[PDB]
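Student: Sequence below, structure please.
(chains A, B, C and D)
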4 protein chains.
Amino acid sequence: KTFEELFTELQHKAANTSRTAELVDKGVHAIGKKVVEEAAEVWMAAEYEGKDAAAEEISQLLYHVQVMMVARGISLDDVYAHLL
Amino acid sequence: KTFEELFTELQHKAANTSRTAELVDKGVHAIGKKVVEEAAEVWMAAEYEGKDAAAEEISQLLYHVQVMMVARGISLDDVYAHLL
Amino acid sequence: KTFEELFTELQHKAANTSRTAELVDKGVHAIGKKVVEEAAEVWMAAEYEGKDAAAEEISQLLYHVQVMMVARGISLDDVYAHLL
Amino acid sequence: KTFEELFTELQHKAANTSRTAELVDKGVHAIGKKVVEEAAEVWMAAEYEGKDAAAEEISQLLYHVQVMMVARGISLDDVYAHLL
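Tutor: Residues are numbered from 1 along each chain as shown, chains lettered A, B, ... in the order given. Here you go:
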């Protein structure tokens, strides 16, 4: 249920394709389009929709950011080190 | 050092202003501009820069996403419930 | 060759589908994804690529902005009135 | 009143500062933030607001795209050549 647990789950699913979202294969460009569209959706939901809708969009944004981390070999420690 | 720990730290700093980034006062629009500009920076860094640069940009994005959550009263449980 | 001429060409192609890009049918959400992704690409090219590459990305952005105008029934006069 | 005329007006105002918006001085990064935030505003207005509000946001996006062209030395011919 932790951010760290779900991330390790994604690193394993990326070790290989046709089941769960394999954007890692498509690459940075494809993942970047999603990050960018989701950020706009997060802003949109935060402004016009309810808390639940905003939380759903935020989860999609986080998911794609995590996928981008997996695609570039970035770890939670690398990111956390900067969150300070 | 956990995503959950840093988030609770921000919820407290939002209980009041002029010290650490108080975007919560400015509102959703101000935070949204940041989320959107940071997403594009994340994509840019992921494509042209190194792993560390990408991780720094990602941390900035996550920070602003967390701020947006604080501003809208969204909790980690709300978001995590959707990450599944 | 004028912005105004190409726009009127697009308004006609939207009067009906399967030839040239018919995003008007898919709707605002689909065109919005493109505008938001191209905006980031424009920023990216402007920063890391040459003038021609940046011009190509800018043309893609303008095209999708124009499509959004068509999809929402917005005219050049409506927009131009605000450009002042 | 034409896209081409307003653009030539901006090229002259960029020949020098403190009157009309001088982004050109601040550079690509500052203009890029605007392009990226305006694209999200364009999408937002297109989805939730009226035609006029969408037109106003579109005008702001075009203005900044034009400024970006000025800042990078890109001409209308360069862009128009690609719009085909």
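
Student: Could you list the contact residues of chain A toward chain D?
Tutor: A:39, A:40, A:43, A:44, A:47, A:48 (C-beta under 8 Å from any C-beta of the partner chain). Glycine gets a C-beta too; all of them are placed from N, C-alpha and C.

Student: Redo those as a markdown table? Include neighbour count and distance to chain C.
Tutor: Shown next, in a markdown table, are the residues of chain A next to chain D (neighbours: other C-beta atoms under 10 Å in any protein chain shown; distance: C-beta to the nearest C-beta, whole Å):
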| residue | neighbour count | distance to chain C |
| --- | --- | --- |
| A:39 | 32 | 8 |
| A:40 | 30 | 5 |
| A:43 | 27 | 10 |
| A:44 | 21 | 9 |
| A:47 | 16 | 14 |
| A:48 | 14 | 13 |
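
Student: and which of those residues is nearest chain D?
Tutor: residue A:40 (4.2 Å; C-beta to the nearest C-beta).

Student: Of the residues of chain A next to chain D, which pair is most distant in space?
Tutor: A:39 and A:48 (15.3 Å; C-beta to C-beta).

Student: Please export the C-alpha coordinates of the strand or helix carrying residue A:53 as CSV.
Tutor: Taking DSSP states H and E as the definition, residue A:53 sits inside helix A:51-71. Taking Å, rounded to 0.1, in the frame of the first residue of the first chain, the C-alpha atoms of helix A:51-71 are listed here in CSV:
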residue,chain,number,x,y,z
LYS,A,51,-11.8,15.5,-4.4
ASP,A,52,-12.2,11.9,-5.5
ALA,A,53,-11.8,12.8,-9.2
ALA,A,54,-8.7,14.9,-8.4
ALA,A,55,-7.2,12.0,-6.4
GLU,A,56,-7.9,9.6,-9.3
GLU,A,57,-6.1,11.9,-11.8
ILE,A,58,-3.3,12.3,-9.3
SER,A,59,-2.8,8.6,-9.0
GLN,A,60,-2.6,8.3,-12.8
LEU,A,61,0.1,11.1,-12.8
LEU,A,62,2.1,9.3,-10.0
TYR,A,63,1.8,6.0,-11.9
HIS,A,64,3.3,7.5,-15.1
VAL,A,65,6.0,9.3,-13.1
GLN,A,66,6.9,6.0,-11.6
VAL,A,67,7.0,4.4,-15.0
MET,A,68,9.3,7.2,-16.2
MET,A,69,11.6,6.4,-13.3
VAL,A,70,11.6,2.7,-14.2
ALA,A,71,12.3,3.6,-17.9
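
Student: Any buried residues in the helix or strand following that helix, and which?
Tutor: Heading C-terminal from helix A:51-71, the first helix or strand you meet, by DSSP H and E, is helix A:76-82. Of the residues in helix A:76-82, A:76, A:78, A:79, A:80 count as buried by neighbour count, 16 or more other C-beta atoms under 10 Å in any protein chain shown.

Student: Next, count neighbours for the closest residue to residue A:34 other than its chain neighbours.
Tutor: Spatially, and ignoring its direct neighbours in sequence, residue A:34 is nearest to residue A:64 (4.5 Å; C-beta to C-beta, 6 or more residues apart in numbering or on different chains). Using other C-beta atoms under 10 Å in any protein chain shown, residue A:64 has 24 neighbouring residues.

Student: Quick check: residue A:64 vs residue C:61, distance?
Tutor: 22 Å (C-beta to C-beta, to the nearest Å).

Student: For chain A, what lies in contact range of chain C?
Tutor: So chain A meets chain C at A:32, A:33, A:36, A:37, A:40 (C-beta under 8 Å from any C-beta).

Student: again, only using 7 Å
Tutor: Within chain A, the residues that sit near chain C (C-beta under 7 Å from any C-beta of the partner chain) are A:33, A:36, A:37, A:40.

Student: quick one: which of those residues sit in helices?
Tutor: Among the residues of chain A next to chain C, DSSP state H puts A:33, A:36, A:37, A:40 in helices.

Student: now the residues you listed in a markdown table, with distance to residue D:28?
Tutor: Shown next, in a markdown table, are those (distance: C-beta to C-beta, whole Å):
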| residue | distance to residue D:28 |
| --- | --- |
| A:33 | 21 |
| A:36 | 18 |
| A:37 | 22 |
| A:40 | 21 |
